[PDB]
Amino acid sequence: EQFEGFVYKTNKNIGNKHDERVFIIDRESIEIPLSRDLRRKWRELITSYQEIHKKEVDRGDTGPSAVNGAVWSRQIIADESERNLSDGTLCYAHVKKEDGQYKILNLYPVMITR
RNA sequence: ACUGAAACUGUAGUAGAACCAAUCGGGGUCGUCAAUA
């Protein structure tokens, strides 16, 4: 198939990780209102990612001590610009179907998330 | 069409009486962290 879209390149965050993912915008798409609730949740979650390892990042560790062959995930080393959910920022959305509608629970920077 | 003279603003009087630098706090202890394939 031929597709187009964007690449959600994070980094080699895990030792078994081989691939980045790219968002096949060429096809089906669904738009959902961005509430202020999801905005604060993102900022709080991304603050958590960036603050938790601040000591490890500042002392110059290239990746988390507990996972070998791996480097900081994009959201951790990214700036506070990442912490603000600005126009065209890429995400994973945690979603379910209810009342016949796609409810969105959270926005997450990675597949298996904090 | 003759300058008055002479005279300590001084004497007595404790910036002091009362007031707590003090109240609370085991030098203690477990699972997280990373995200894909």
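Letters A, B, ... mirror the listed sequences (proteins, then strands); counts begin at 1. Basis for what follows: all heavy atoms, side chains included, without hydrogens, waters or symmetry-related copies.
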When we call it a touch if two heavy atoms are under 4.0 Å apart, what does A:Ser65 touch: a base, just sugar-phosphate, or nothing?
nothing

Please report the sugar pucker of B:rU29 as north or south based on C1'-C2'-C3'-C4'.
south

Grab the NZ-P distance between A:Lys17 and B:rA35 for me, whole Å please.
10 Å

Short side-chain N/O contact to B:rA34 OP1/OP2 from A:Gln75, under 4.0 Å:
no

In whole angstroms, how far is the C1' atom of B:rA34 from the CG atom of A:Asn16?
11 Å

North or south: where does the sugar of B:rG28 fall when you read the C1'-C2'-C3'-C4' torsion?
north

Looking only at heavy atoms, what is the nearest atom pair of A:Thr10 and A:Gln75, with distance?
OG1-OE1, 4.5 Å

What nucleotide among B:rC33, B:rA37, B:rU36 has an atom nearest to a side-chain atom of A:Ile112?
B:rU36

Ignoring hydrogens and geometry, is there a side-chain-to-backbone donor-acceptor pair from A:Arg39 to A:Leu85 under 3.5 Å?
yes

With respect to the phosphate group of B:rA37, does any side-chain polar atom (N or O) of A:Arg21 fall under 4.0 Å of OP1 or OP2?
yes

By sign alone, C1'-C2'-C3'-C4' of B:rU9 puts its sugar north or south?
south

Its glycosidic angle compared against 90° from 0, B:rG26 adopts the form syn

Roughly, in whole Å, what's the span from CG in A:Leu45 to P in B:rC33?
12 Å

Syn or anti conformation of B:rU14, syn meaning chi within 90° of 0:
syn

Taking any heavy-atom pair under 4.0 Å as a contact, classify A:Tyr49: base, sugar-phosphate, or nothing.
sugar-phosphate

Quickly work out the A:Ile14 CD1 to B:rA35 P distance and round it to whole Å.
7 Å

Ring pucker hemisphere for B:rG16, per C1'-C2'-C3'-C4' torsion:
north

Here the distance between atom P of B:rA35 and atom CG of A:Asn11, to the nearest Å, is 10 Å

Does OP1 or OP2 of B:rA34 have a side-chain N or O of A:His53 closer than 4.0 Å?
yes

Between atom CZ of A:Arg59 and atom NE2 of A:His53, what is the distance when rounded to the nearest 0.5 Å?
11.5 Å

What pucker does B:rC33 show by its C1'-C2'-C3'-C4' sign, north or south?
north

Looking at the strand neighbours B:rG10 and B:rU11, are the centres of their six-membered rings under 5.5 angstrom apart while the planes meet at under 30 degrees?
yes

Has A:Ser73 got a side-chain N or O lying under 4.0 Å from the OP1 or OP2 atom of B:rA34?
no

Residue pair A:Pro109 / A:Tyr49: nearest heavy atoms and the distance that separates them
CG-CE1, 3.8 Å

Would you name the heavy atoms of A:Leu107 and A:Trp42 that are closest together and state the gap between them?
O-CE3, 3.4 Å

For A:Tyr8 and B:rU36, is the shortest distance between a side-chain N/O and OP1 or OP2 below 4.0 Å?
no

Output the rounded distance in Å from CH2 (A:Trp72) to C1' (B:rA34).
8 Å

Taking OP1 and OP2 of B:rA35, is either one under 4.0 Å from a side-chain nitrogen or oxygen of A:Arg114?
no

Could you tell me how far apart A:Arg74 (CZ) and B:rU36 (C1') are, to the nearest whole angstrom?
15 Å

In whole angstrom, give me the gap between the P atoms of B:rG27 and B:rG31.
22 Å

Applying a strict under-4.5 Å side-chain criterion to I, L, V, M, F, W and Y, I'd like to know whether A:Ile46 and A:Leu105 cluster together.
no

Whole angstrom is fine here: how far is it from OH in A:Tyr92 over to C1' in B:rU36?
9 Å

